[PDB]
Each structure stands twice: as structure tokens, then as C-alpha cells.
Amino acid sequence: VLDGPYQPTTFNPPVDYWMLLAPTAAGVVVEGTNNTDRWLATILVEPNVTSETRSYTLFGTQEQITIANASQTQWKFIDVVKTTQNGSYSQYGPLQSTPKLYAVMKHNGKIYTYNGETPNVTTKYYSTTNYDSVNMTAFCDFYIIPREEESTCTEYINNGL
């Protein structure tokens, strides 16, 4: 019944569907923009990292970002966001994860991602103009899950495939 895995690509996902991402290596997991007031890129950070500046390619250009992960044993998924073309990148609420899975959804004028610490995750959102036409670039294999089945996606985030 599980819909995937799909290979890395750029496409325009339907609204009200979770794109469940299964990265294997540290680094950029997925990116999305409306080209006007919202840019979002999720970075997967290794367990146990003291504050350091790193370089990432985001939307095809090199960017310097200060990263940390206080967890000894858990991964850290960080959404790096800007709200204008030339604006600086900011970080908001992470997901600390054992299973190494993440998800993103276009819903109700916003982009939603998962949040908190496995195995007790929640969701968070970012208001996004023209939310429905946002193209997403996946840099790893992914699956597609309807919002109606959100509880299944939440189980995967919490517990793995």
C-alpha cells in the first residue's frame, strides 16, 4: 500500500500529501521555493556536533551556515529558511531523529514539516505565498502519503520503515 520509493527529482507535489524522505548520507535532504517570499532547505546533521561553520550548496549556490547538534546519539534535521531572494538563512525548531526519516507537505497556505524528538514527534509550519505551486527537489529516495493517512507517516517518522 506504501507508495514508493521514487528516485531523486524535482516535481510539483499535490497539496495535502506528505513527501516522506529517506536520506542515507548527511547533508541537504530536500529543497523548495515559491521564488517570492519562501525558501526552505532541510539539512541532515550528524549526531554530536559542536558549533561550527559549514558550506552547503543551497538552490545551486554555495552558502556558509553555522551548525550544531547537541544530541550525542540522534540525528538533527534542520530547516534553513529565507523570506526574500537576497535575505539571510535562518533556523527554526529542529527534529531530533533516531530513524533518519523526514517529511514535508503543502497545506493551507503553508509548508509543514515534522518537529521535536522521536519517538514523540509533532508538526510545524511556515506560511508560504502561492503554496500550492511550490516545486520540491528531493536529493534522496522518497514516498508519497495522503494527509488522510497522516498517522501512518507519523509512525514512520517515529519508528522507521
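Sequential numbering from 1, following the sequence displayed.
Stretches compared: 59-67, 118-126. Higher mean C-alpha B-factor in the entry: 59-67. Just going by the entry, 89-97 versus 23-31 on mean CA temperature factor gives the higher value to 89-97. Looking at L40, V134, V45, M105, the one whose CA carries the top B-factor in the deposited record is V134. Among all modelled residues in this chain, the alpha-carbon of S51 has a temperature factor (C-alpha) in the middle third.
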